[PDB]
Protein chains: 4
Amino acid sequence: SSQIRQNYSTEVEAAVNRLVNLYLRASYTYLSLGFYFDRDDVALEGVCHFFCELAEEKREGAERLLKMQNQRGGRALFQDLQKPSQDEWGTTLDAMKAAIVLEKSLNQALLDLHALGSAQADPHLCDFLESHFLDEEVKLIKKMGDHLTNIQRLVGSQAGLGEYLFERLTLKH
Amino acid sequence: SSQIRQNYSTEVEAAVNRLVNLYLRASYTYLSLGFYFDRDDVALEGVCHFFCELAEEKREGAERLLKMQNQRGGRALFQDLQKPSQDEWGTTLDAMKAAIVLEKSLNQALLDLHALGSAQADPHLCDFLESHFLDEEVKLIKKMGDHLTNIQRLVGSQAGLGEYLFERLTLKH
Amino acid sequence: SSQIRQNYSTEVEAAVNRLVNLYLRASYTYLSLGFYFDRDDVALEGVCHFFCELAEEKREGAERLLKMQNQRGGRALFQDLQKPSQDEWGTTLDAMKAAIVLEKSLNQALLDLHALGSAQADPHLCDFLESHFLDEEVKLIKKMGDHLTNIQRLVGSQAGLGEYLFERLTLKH
Amino acid sequence: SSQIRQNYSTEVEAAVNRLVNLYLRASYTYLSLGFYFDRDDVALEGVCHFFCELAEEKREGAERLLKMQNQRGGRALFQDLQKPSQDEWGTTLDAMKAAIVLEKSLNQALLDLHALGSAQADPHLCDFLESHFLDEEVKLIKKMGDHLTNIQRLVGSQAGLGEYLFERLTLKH
Ligand SMILES: [Ru+3]
Ligand SMILES: [Ru+3]
Ligand SMILES: [Ru+3]
Ligand SMILES: [Ru+3]
Ligand SMILES: [Ru+3]
Ligand SMILES: [Ru+3]
Ligand SMILES: [Ru+3]
Ligand SMILES: [Ru+3]
């Protein structure tokens with residue numbers, strides 16, 4: 001049993017474990033997106049790299065949450081990771097829309113956990129989120145939004161040409 | 001239209017645009033102070049540098065607010081910048097008092113925006129202010145207060161001599 | 001009161017103060033252009049950089065004018081900076097046309113001030129403009145004209161694709 | 001006889017020779033000022049350095065005028081250099097006032113020669129002055145004005161103390 005736990009509610013402990021599951025689930029989704037874009041019949045290497053990097057970032061997010069859970073004297077509890085929502089992710093546009101949907105859901109979970117910690121007078125939890133997660137997520141969402149706009153600009157008339165150019169000229173490869 | 005905006009009230013968006021205007025206005029005030037101290041009949045180069053550096057800091061403050069406004073999916077709206085309150089700024093003492101008055105007003109605007117964001121459950125906004133503005137302003141005000149005290153100590157009997165020495169021995173030039 | 005002023009008419013002094021206001025106003029316009037292009041639903045980073053750099057150049061222009069005003073024994077007088085003419089700037093093409101319109105107006109103001117200084121037999125003023133402003137403005141206008149031509153070439157049939165390519169392949173990002 | 005002279009009036013040639021004499025005369029004045037401040041009963045080394053450096057600058061000015069006179073095919077003609085106006089230069093304040101009087105007279109001579117060259121359609125002469133003399137003189141006069149203001153600020157009550165501090169804290173030594 002913990003000899004350190006202090007000001008760390010059971011409600012926050014449980015919500016941290018759920019947020020871990022949401023981050024790991026997001027990582028898994030991004031692994032599936034990344035490998036889809038590496039298929040021989042899709043073959044958009046910059047898209048593949050973008051999602052593979054997100055998979056790693058989301059995993060790191062989960063690991064930071066787990067580290068904090070132990071630092072506070074909470075107990076990590078793991079659940080199943082549900083498989084991603086799709087087996088094939090459509091076009092780069094479809095994929096980036098799906099990514100923004102996912103990130104908005106993670107952001108709302110962060111916000112919901114921050115509200116819980118504020119209500120429970122848990123300022124360490126609030127600070128931990130503010131310092132490692134909230135701004136990182138806002139910056140990520142802004143980048144995805146920027147990408148989506150450029151993707152959309154490029155569909156117009158000649159969607160294949162637009163998809164190739166976005167991958168070649170915007171995404172790292 | 002934004003595809004990213006999330007938990008970002010119209011009230012905060014508008015108050016961020018007003019704070020931008022307040023920061024730019026402060027920058028403009030400091031440009032006028034700086035150039036006043038560069039006049040041939042004033043000629044206090046360290047005072048000139050101190051205000052010119054503040055002009056740049058306030059501009060940077062505004063640009064960081066604008067960047068954040070876009071990161072959140074808000075829309076920057078610019079108003080007129082009102083000319084500074086004075087055309088001539090008196091002595092170094094008068095000027096540093098005017099500077100502290102200005103900074104207190106900016107600080108109160110920061111505090112008012114932080115209170116708004118807390119009431120709207122906007123922790124990213126609160127964190128953004130805490131991390132980039134609130135402490136920076138407290139440190140600045142403390143430095144201006146320190147300066148004012150040393151300026152005041154030096155008036156006593158021989159105000160011209162005191163004004164020269166402060167500029168030469170405290171301010172960078 | 002100045003002990004240095006020599007061959008520096010009240011007419012030139014006033015026109016220098018107006019040119020300062022025109023340069024600051026141009027800087028402000030360029031700040032608004034820059035931030036428009038950073039919006040999530042516009043997202044043209046090279047365009048954003050181009051205008052942000054112009055904002056800084058115009059500010060520097062104003063500061064050089066103010067420095068000269070003091071060097072000559074004139075007195076800087078600041079007015080309101082009027083907000084930019086538009087809140088949203090349309091396409092890259094619309095924006096670069098607006099930029100060239102702005103620059104032509106600044107150029108005409110430079111030319112008008114040079115004519116004034118020639119009529120007043122103020123060769124230092126004339127030289128100051130020739131050496132720091134007139135050629136810089138001609139080079140800038142030529143660059144904007146070059147850009148506009150390439151933008152225009154690229155609209156043809158597929159305006160979104162053209163806008164993306166210009167930003168990616170011409171503008172620094 | 002010159003085989004090169006072109007667009008170089010006898011009037012400009014003569015006025016260039018007079019300006020040489022005015023610059024050398026200014027150099028001589030500054031030599032006398034410099035050595036006055038090196039006297040054992042004056043002993044203000046930073047003041048001595050400031051004037052000794054001006055002596056050298058004025059000499060260099062004359063040499064540049066003479067070089068140009070030959071470049072244009074004119075003939076240098078030298079007159080007597082009149083001794084400086086005073087044998088003893090009073091206080092630093094008296095000296096800096098005398099310096100500004102001298103520089104204003106040189107500036108007016110530059111301006112008068114520029115007006116002559118403009119009337120004679122001698123753009124090389126005009127450019128030569130604009131590029132090597134007019135701005136250099138404006139910057140110098142502004143520096144002397146700045147100094148005079150700081151000197152004046154420091155007299156107030158305790159003129160000896162003010163004179164020492166100016167020399168120690170403003171002037172290079
Ligand atoms: Ru790959
Ligand atoms: Ru991959
Ligand atoms: Ru200065
Ligand atoms: Ru300054
Ligand atoms: Ru940008
Ligand atoms: Ru920008
Ligand atoms: Ru010496
Ligand atoms: Ru000397």
Side-chain angles (χ1 to χ4, degrees), chain B residues 40 43 45 160-161 164 168 173, chain C residues 3-4 6, chain D residues 16-67 69 76-110 132-156 158-173:
Chain B
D40 76 275
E45 164 74 280
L161 169 67
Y164 176 79
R168 288 286 91 185
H173 50 78
Chain C
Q3 302 177 296
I4 66 169
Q6 181 171 214
Chain D
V16 167
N17 286 143
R18 291 196 284 272
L19 193 61
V20 167
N21 190 87
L22 290 179
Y23 270 70
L24 290 171
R25 189 170 178 202
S27 187
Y28 199 18
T29 289
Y30 288 129
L31 181 71
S32 175
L33 281 154
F35 283 94
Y36 170 80
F37 285 95
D38 184 51
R39 294 174 36 171
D40 76 275
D41 60 354
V42 177
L44 291 161
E45 164 74 280
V47 189
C48 173
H49 194 71
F50 177 80
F51 296 122
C52 277
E53 291 179 335
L54 285 172
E56 168 185 35
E57 292 174 0
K58 295 306 183 199
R59 201 166 49 239
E60 294 170 349
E63 294 175 349
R64 190 184 287 266
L65 281 161
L66 285 167
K67 183 170 193 214
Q69 175 83 108
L77 285 180
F78 293 96
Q79 299 303 334
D80 302 340
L81 303 184
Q82 292 297 136
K83 76 182 185 183
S85 76
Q86 296 173 222
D87 292 330
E88 76 81 30
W89 300 95
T91 64
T92 304
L93 174 57
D94 293 322
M96 194 66 66
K97 287 187 199 268
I100 288 166
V101 171
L102 175 55
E103 293 305 323
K104 290 170 159 171
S105 78
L106 285 184
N107 196 219
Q108 189 56 240
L110 295 170
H132 298 110
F133 288 81
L134 300 186
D135 194 46
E136 291 74 359
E137 194 62 24
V138 158
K139 286 166 163 40
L140 175 65
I141 296 171
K142 176 61 163 58
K143 183 178 272 188
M144 297 179 167
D146 291 350
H147 290 166
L148 180 64
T149 289
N150 279 100
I151 297 164
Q152 294 165 136
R153 189 182 262 136
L154 285 166
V155 315
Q158 288 189 135
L161 169 67
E163 195 162 20
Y164 176 79
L165 288 172
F166 182 76
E167 179 270 342
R168 288 286 91 185
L169 298 182
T170 295
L171 294 180
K172 286 183 155 180
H173 50 78

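The analysis underlying the following values was restricted to heavy atoms, covering all of them including side chains, and did not include hydrogens, waters or symmetry mates. Order of the sequence lines fixes the chain letters, A, B, ..., with proteins taken first and strands second; residue numbering starts at 1 for each chain.
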Enquirer: Would you call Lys143(D) and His147(D) a side-chain contact if the rule is heavy atoms closer than 4.5 Å?
Expert: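 In short, these two side chains touch, coming nearer than 4.5 Å.
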
Enquirer: Please examine the side chains of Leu171(D) and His49(D), heavy atoms only from C-beta on, and report whether any two atoms are closer than 4.5 Å.
Expert: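 When only atoms from C-beta onward are counted, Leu171(D) and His49(D) do not touch, as no gap falls below 4.5 Å.
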
Enquirer: Using modelled atom types only, decide if a donor and an acceptor are shared between the side chain of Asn107(D) and the backbone of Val138(D) within a distance under 3.5 Å.
Expert: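 Between the backbone of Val138(D) and the side chain of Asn107(D) there is no qualifying donor-acceptor contact (under 3.5 Å).
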
Enquirer: To the nearest 0.5 Å, tell me how far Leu66(D) CG sits from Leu77(D) CG.
Expert: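 Here the rounded value is 10.5 Å.
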
Enquirer: So do the side chains of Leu65(D) and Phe133(D) get within less than 4.5 Å of each other, counting heavy atoms only?
Expert: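 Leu65(D) reaches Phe133(D) side chain to side chain.
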
Enquirer: Looking only at heavy atoms, which two atoms of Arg168(B) and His173(B) are closest? And how far apart?
Expert: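 In terms of heavy atoms, the two residues are closest at O-NE2, 2.9 Å.
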
Enquirer: Could you tell me whether the side chain of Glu163(D) and the main chain of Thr92(D) form a donor-acceptor pair under 3.5 Å?
Expert: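 Indeed, once roles are kept as given, a pair shorter than 3.5 Å links the two residues.
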
Enquirer: Can you tell me how far CG of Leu110(D) sits from NE2 of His132(D), rounded to the nearest 0.5 angstrom?
Expert: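 It is 13.0 Å, given to the nearest 0.5 Å.
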
Enquirer: What I want to check is whether the side chains of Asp146(D) and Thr149(D) have a donor and an acceptor closer together than 3.5 Å.
Expert: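 Looking only at side-chain atoms, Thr149(D) and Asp146(D) do not form any donor-acceptor pair under 3.5 Å.
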
Enquirer: Does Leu148(D) offer a backbone N or O that forms a donor-acceptor pair with the side chain of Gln152(D) under 3.5 Å?
Expert: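 Judged by distance alone, yes, a pair lies under 3.5 Å.
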
Enquirer: I want to check something: taking the side chain as every heavy atom from C-beta on, are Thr170(D) and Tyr164(B) in contact at a cut-off of under 4.5 Å?
Expert: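 In contact.
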
Enquirer: Determine whether the side chains of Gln6(C) and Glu137(D) contain a donor N or O and an acceptor N or O closer than 3.5 Å.
Expert: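 No, no side-chain donor-acceptor contact under 3.5 Å.
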
Enquirer: Could you tell me whether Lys142(D) and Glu103(D) have a side-chain N and a carboxylate O separated by less than 4.0 Å?
Expert: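 No, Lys142(D) and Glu103(D) are not salt-bridged.
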
Enquirer: Can you confirm whether more than 12 heavy atoms, excluding those of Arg64(D), are under 6.0 Å from its CZ atom?
Expert: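 Count not over threshold, so no.
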
Enquirer: Would you name the heavy atoms of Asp94(D) and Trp89(D) that are closest together and state the gap between them?
Expert: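 Closest pair (atom of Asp94(D), atom of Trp89(D), distance): CB-O, 3.3 Å.
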
Enquirer: Can you tell me how far CD of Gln86(D) sits from OG1 of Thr29(D), rounded to the nearest 0.5 angstrom?
Expert: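 Reported value, rounded in 0.5 Å steps: 9.0 Å.
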
Enquirer: What do you reckon, is NZ of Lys104(D) surrounded by more than 12 foreign heavy atoms closer than 6.0 Å?
Expert: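 Result for NZ/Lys104(D): enclosed.
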
Enquirer: Got more than 12 heavy atoms from elsewhere within 6.0 Å of CD, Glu53(D)?
Expert: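 Yes, CD of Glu53(D) has more than 12 neighbouring heavy atoms, counting only those of other groups under 6.0 Å.
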
Enquirer: Which is it for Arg59(D) and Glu63(D) under the side-chain contact (heavy atoms from CB on, under 4.5 Å) test, yes or no, and what are the steps along the way?
Expert: CA-CA 6 Å; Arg59(D) 201 166 49 239; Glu63(D) 294 175 349; 3.9 Å; yes

Enquirer: Using 0.5 Å steps for rounding, measure from the CD atom of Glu56(D) to the NZ atom of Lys58(D).
Expert: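 Going from the CD atom of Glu56(D) to the NZ atom of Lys58(D) covers 12.5 Å.
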
Enquirer: Sequence neighbours left out, cut at 3.5 Å: what donor-acceptor pairs do the side chains of residues 19-28 of chain D make with other protein atoms?
Expert:
residue: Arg25(D); atom: NE; partner: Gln82(D); partner atom: O; Å: 3.3
residue: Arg25(D); atom: NH2; partner: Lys83(D); partner atom: O; Å: 2.8
residue: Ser27(D); atom: OG; partner: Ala55(D); partner atom: O; Å: 2.7

Enquirer: Quick one: which of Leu161(D), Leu44(D), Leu93(D), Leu154(D) gives a side chain to side chain contact (heavy atoms under 4.5 Å, CB included) with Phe166(D)?
Expert: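 Testing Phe166(D) for a side chain to side chain contact (heavy atoms under 4.5 Å, CB included) against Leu161(D), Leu44(D), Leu93(D), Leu154(D) leaves exactly one candidate, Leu154(D).
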
Enquirer: What is the minimum heavy-atom distance between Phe37(D) and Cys48(D), and which atoms define it?
Expert: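 Nearest heavy atoms, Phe37(D) then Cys48(D): CB-N, 3.6 Å.
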
Enquirer: Quick check: does any side chain N or O of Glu57(D) sit under 3.5 Å from a backbone N or O of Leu54(D), one acting as donor and the other as acceptor?
Expert: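 Not a single qualifying donor-acceptor pair exists.
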
Enquirer: So, taking the atom named CD1 in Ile4(C) and the one named CD1 in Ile100(D), what distance separates them when rounded to the nearest 0.5 Å?
Expert: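 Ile4(C) atom CD1 to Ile100(D) atom CD1 measures 8.5 Å (nearest 0.5 Å).
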
Enquirer: Output all residues satisfying side-chain hydrogen bond (donor to acceptor under 3.5 Å, both in side chains) with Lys97(D), sequence neighbours left out; order by chain, then residue number.
Expert: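 None.
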
Enquirer: What are the two closest non-hydrogen atoms of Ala99(D) and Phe51(D), and how far apart are they?
Expert: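 Taking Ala99(D) first and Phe51(D) second, the nearest heavy atoms are CB-CE2, 3.9 Å.
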
Enquirer: Could you grab the distance from atom CD of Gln3(C) to atom CE of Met144(D), nearest 0.5 Å is fine?
Expert: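 The CD atom of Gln3(C) sits 13.0 Å away from the CE atom of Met144(D).
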
